[PDB]
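Asks: Requesting a structural model of the entry that follows:
(chains A, B, C and D, ligands or ions: 1)
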Amino acid sequence: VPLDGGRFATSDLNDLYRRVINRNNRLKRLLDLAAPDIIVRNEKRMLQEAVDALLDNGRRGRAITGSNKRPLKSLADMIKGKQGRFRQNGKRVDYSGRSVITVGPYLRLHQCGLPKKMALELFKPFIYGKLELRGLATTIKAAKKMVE
Amino acid sequence: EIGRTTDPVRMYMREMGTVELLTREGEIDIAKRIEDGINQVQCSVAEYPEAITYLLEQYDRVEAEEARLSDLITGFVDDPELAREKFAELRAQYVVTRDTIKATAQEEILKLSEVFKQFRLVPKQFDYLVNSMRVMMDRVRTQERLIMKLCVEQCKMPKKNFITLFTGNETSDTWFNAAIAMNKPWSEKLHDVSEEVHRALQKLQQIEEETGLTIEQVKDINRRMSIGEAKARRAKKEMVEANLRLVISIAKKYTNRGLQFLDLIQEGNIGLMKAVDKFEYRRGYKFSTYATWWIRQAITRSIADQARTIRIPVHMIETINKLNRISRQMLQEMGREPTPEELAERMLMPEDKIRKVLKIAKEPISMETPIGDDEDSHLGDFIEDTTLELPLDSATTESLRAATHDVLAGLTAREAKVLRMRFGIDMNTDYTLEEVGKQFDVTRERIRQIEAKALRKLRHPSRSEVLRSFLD
Amino acid sequence: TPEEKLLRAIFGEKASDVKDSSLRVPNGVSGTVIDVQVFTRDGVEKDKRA
Amino acid sequence: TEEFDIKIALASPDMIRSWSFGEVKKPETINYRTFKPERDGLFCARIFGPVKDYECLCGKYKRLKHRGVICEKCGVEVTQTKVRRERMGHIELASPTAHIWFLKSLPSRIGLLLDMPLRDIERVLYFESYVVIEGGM
Ligand SMILES: [Zn+2]
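Replies: Numbering: from 1, shown residues only, chains lettered A, B, ... in the order given. The coordinates are given below.
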């Protein structure tokens, strides 16, 4: 994806895929060129070292990233635990807020305060349903201004 | 000694340090063989007359423009100026040689074949000769395999005696009358498939008739040519395996440019194999001053082409390098630094291309770089995506189908029909106003005006009263 | 889309040839404007304000 | 979508050729002058769908009446661009390569299957010593 400003912000799976396709494309040139066997042994053992840094990086020399000094992130490091699975064990969530709490000792046991500035942004789409059912706004864009 | 070492650098370095460096006499002594390695090839092709037909007509194709004047010849050994005089002497002898074979029945073609070496060739017209004649052995070699494939694989023929009578021979009737005569069990069975194994071996005689020579002529030419051919690879393997230490020193200056250390020395060897290919010692210059160019050339030609994520060409790469060599002299001379107004004069560019070359160089960030303070979060959680669309615009375009299904529903039977047809509402691709009429049959100013007055009716307010609110 | 085009011909509105991306004050913050800086790359003409 | 009730197993070289919609035979990613994805590369468009919603790459087929017609200049098919998110390619290795998970994970499946110590297989993957195949008589 292109960052704002002219510079691109790639993943680091494009460095490990662009290295399996070079050492594999050069190994086809080296075999149709009839190289001595001392060279096409350094290409087979050099190809399959780039493929084993793709799947799980670290069980070997830990092929550090280019243009930096930290190790790349292989495929088995995205699945591998961060203390949680990749899927749901994490789910950031819509329709939510957060703020500081205070005392308010006038309440019952089954209620709580909630500011008018969070009740109008948490419950926004519930409001566009009333402002058109009650007949005040005409369309749903014209109601988006009355809530502003 | 095999000490559980993993990294492929140490495993390649020691695997190279077995061979020992060559002397100044070893090079010419090794290279001396390569000339002999080709010398047994060029003599092994002249007696196969099929090359001349391909290239002797190449001069007819040259003056008639069915080929060029350079990619067939490069000057006889020991262009129109020199080719026309001698190339006719190819034919000037050609009419001489072929008449004896219609004694010296073979020597006359030898008189031309012994002398065909004196017509130098370029690689483009070279590979076809070695390819065509080697193509013929592709077929007739399995023909002998075919004769085994039917005779012994069907009729239990003895493969121990028929071989010597028919190993490469392919032209006689040895197991047609001689083998069958003994009255063995394989003998009487062979005549059932006798003609099939003969019609299949008719191609080989047709092939040797396609060349004018015999399979003995055909085989040994494509048998000896491979003899002197492998004698070269034994040599090129010898000189390349020695100088592999030369590549590690040249390919170490370019170490930190985004291309790994091993991807360099494996890119040099692919060039060094070309230096030994093109080397010619009769200039008298030593090898290291010659292969050091082809090696250092390929190690930098590859850094330009395959070390950037977003690939920039090799002619643009030379301009950026030319813009830092000159952006340094402006630094250590002017003191502070240069400006993109002042680089217009140091270099000689139009001052607007230099503003395009400046923002091409920068390579992409990685989406795992930990953000400032090194929090428990990376830069990949802060780039939102824009292919999506707001669920309030998706809730509006579903509300436009409700109105136009209504506001159009207030119109007549077909005065709404043209509106769904002339525009693309509720259909596939809309139609042409004269194409619209092909459903009504009246293609005229009526139909192209029916839409206007009708859609003018909706313009009458309190009908488009609701639709007016969908603009902004 | 098709409905957006029929909504045009009924009102003949001109197409918008430029998208609006102004800078706007953040939500819920309000106070005076006590300064302004204007930098210009060397080679473009300054507006009347800069 | 139909209800699902989940499996796992190895994958053959003839199944991995079934998920893929094309081969990726060049390392180039984008064009550097215009940012249209180059052809045959990693971010290809003929292989992993079109970049813009319902339109070819050149621009011949921009409308919506063309809903499945793959272009003839460059064989992009005019569909939605979320299909750039469910497709895969495949690289065709010029020589095999031991899958590291099934070789270096602690009880080596390549190891205890063939009945060979893991120090002796790592000596054969690095071309440090041969290993006899079908010794015969
Ligand atoms: Zn196209």
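Asks: Report the separation between residue B:331 and chain D.
Replies: 27 Å (CB to the nearest CB, to the nearest Å). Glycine gets a C-beta too; all of them are placed from N, C-alpha and C.
Asks: SS state for that residue?
Replies: State at residue B:331, reduced to three classes by DSSP: H, G, I helix; E, B strand; the rest coil: helix.
Asks: Pretty sure it sits against residue B:338.
Replies: Yes - using CB atoms under 8 Å, residue B:331 makes contact with residue B:338 at a distance of 6.8 Å.
Asks: pretty sure residue B:439 is touching residue B:421, no?
Replies: Yes - taking CB under 8 Å as the definition, residue B:439 is a contact partner of residue B:421 at 7.3 Å.
Asks: Which positions in chain D make contact with the ion?
Replies: Residues of chain D lying close to the ion (CB under 5 Å from the ion) are D:56, D:58, D:71, D:73-74.
Asks: wait, is residue D:47 part of a helix?
Replies: No - assigned with three-state DSSP, residue D:47 falls outside any helix and is coil.
Asks: what's the neighbour count on residue A:11?
Replies: Using other CB atoms under 10 Å in any protein chain shown, residue A:11 is surrounded by 17 other residues.
Asks: And the helices in the chain, which stretches?
Replies: By default, I'm working from chain A. A:14-32, A:41-55, A:76-79, A:116-122, A:124-133, A:142-146 (DSSP state H).
Asks: that's the wrong chain, I meant chain C
Replies: Counting by DSSP H, the helices of chain C are C:2-9.
Asks: what does chain D give?
Replies: Using DSSP H, helices in chain D cover D:16-19, D:101-104, D:109-114, D:118-125.
Asks: what residues does the third one touch?
Replies: Identification of contacts with helix D:109-114 by CB atoms under 8 Å, 6 or more residues apart in numbering or on different chains yields D:98, D:102-103, D:117-118, D:121.
Asks: residues from the stretch 201-350 of chain B in reach of chain D?
Replies: B:306, B:309-312 (CB under 8 Å from any CB of the partner chain).
Asks: let's go with 6 Å and repeat that
Replies: Counting by CB under 6 Å from any CB of the partner chain, the stretch 201-350 of chain B comes close to chain D at B:309-312.
Asks: show me the contacts for residue D:108.
Replies: residue D:118 (CB atoms under 6 Å, 6 or more residues apart in numbering or on different chains).
Asks: Let me fix that, I meant to ask about residue B:313.
Replies: Residue B:313 neighbours (CB under 6 Å, 6+ apart): none.
Asks: tally of neighbours for residue 114?
Replies: Answering for chain A, as no chain was given. Neighbours of residue A:114 (other CB under 10 Å): 12.
Asks: Can you look at chain D instead?
Replies: For residue D:114, using other CB under 10 Å, the count is 11.
Asks: any idea how far it lies from the ion?
Replies: 51 Å (CB to the ion, to the nearest Å).
Asks: Out of the residues of chain D next to the ion, who's the most crowded?
Replies: residue D:56 (23 neighbours).
Asks: How about chain C: which residue is closest to the ion?
Replies: residue C:1 (23.2 Å; CB to the ion).
Asks: Then the stretch 251-400 of chain B?
Replies: For the stretch 251-400 of chain B, CB to the ion, closest residue to the ion: residue B:387, 20.6 Å.
Asks: Quick check: end-to-end length of stretch D:80-92?
Replies: With CA to CA, to the nearest Å as the measure, the first residue of stretch D:80-92 is 28 Å from its last.
Asks: Just confirm yes or no for that stretch near chain B.
Replies: No - taking CB under 6 Å from any CB as the criterion, stretch D:80-92 and chain B are apart, separated by no less than 6.7 Å.
Asks: Can you name the residues that contact the residue nearest the centre of chain D?
Replies: With the centre of chain D defined as its mean C-alpha position, the nearest residue by CA atoms, centre = their mean is residue D:90, 2.4 Å away. By CB under 6 Å, 6+ apart, the contact list for residue D:90 reads D:16, D:20.
Asks: In contact with the closest residue to the ion within chain A, which residues?
Replies: Going by CB to the ion, the ion is nearest to residue A:2 of chain A, at 22.9 Å. By CB under 6 Å, 6+ apart, the residues touching residue A:2 are residue A:8.
Asks: For the one helix or strand residue B:111 maps to, buried residues please.
Replies: For residue B:111, the element it lies in under DSSP states H and E is helix B:107-113. Residues of helix B:107-113 classed as buried by neighbour count (16 or more other CB atoms under 10 Å in any protein chain shown): B:108-109, B:112-113.
Asks: now swap in stretch D:111-121 and tell me
Replies: Result for stretch D:111-121 [16+ other CB under 10 Å]: buried residues D:111, D:121.
Asks: That stretch: end-to-end distance?
Replies: End-to-end distance (CA to CA), stretch D:111-121: 7 Å.
Asks: Return the residues of chain C in contact with the ion.
Replies: Checking chain C against the ion by CB under 5 Å from the ion, there are no hits.
Asks: circling back to that earlier point, hmm, who's touching the helix holding residue B:111?
Replies: Taking CB under 6 Å, 6+ apart as the rule, helix B:107-113 contacts B:46-47, B:93, B:97, B:100.
Asks: So which of those belong to helices?
Replies: B:46, B:93, B:97.
Asks: how is chain B carved up into domains?
Replies: For chain B, CATH domains of a matching chain gives the domain ranges B:6-65+B:79-306, B:307-387, B:388-469.
Asks: ok so, going back, out of the helices of chain A, deepest packed?
Replies: helix A:41-55 (a mean of 21; mean count of other CB atoms under 10 Å in any protein chain shown).
Asks: For whichever strand or helix holds residue B:320, buried residues please.
Replies: Assigned by DSSP H and E, residue B:320 belongs to helix B:314-334. By neighbour count with 16+ other CB under 10 Å, helix B:314-334 contains the buried residues B:316-317, B:319, B:323, B:327, B:330.
Asks: what's the distance between the residue in chain C that chain A sits nearest to and residue A:124?
Replies: Of the residues in chain C, the one nearest chain A is residue C:28, at a distance of 7.4 Å by CB to the nearest CB. In this view, residue C:28 and residue A:124 are 15 Å apart by CB to CB, to the nearest Å.
Asks: Kindly report the same for residue D:136.
Replies: Taking CB to CB, one finds residue D:136 at 80 Å from residue A:124.
Asks: Tell me the first helix or strand C-terminal of the helix holding residue B:111.
Replies: Next element after helix B:107-113 (DSSP H and E): helix B:123-155.
Asks: Can you give me the buried ones in the helix or strand following that next one?
Replies: Counting by DSSP H and E, the next helix or strand C-terminal to helix B:123-155 is helix B:162-166. The neighbour-count check on helix B:162-166 (16+ other CB under 10 Å) flags B:162, B:166 as buried.
Asks: Great, nothing more from me.
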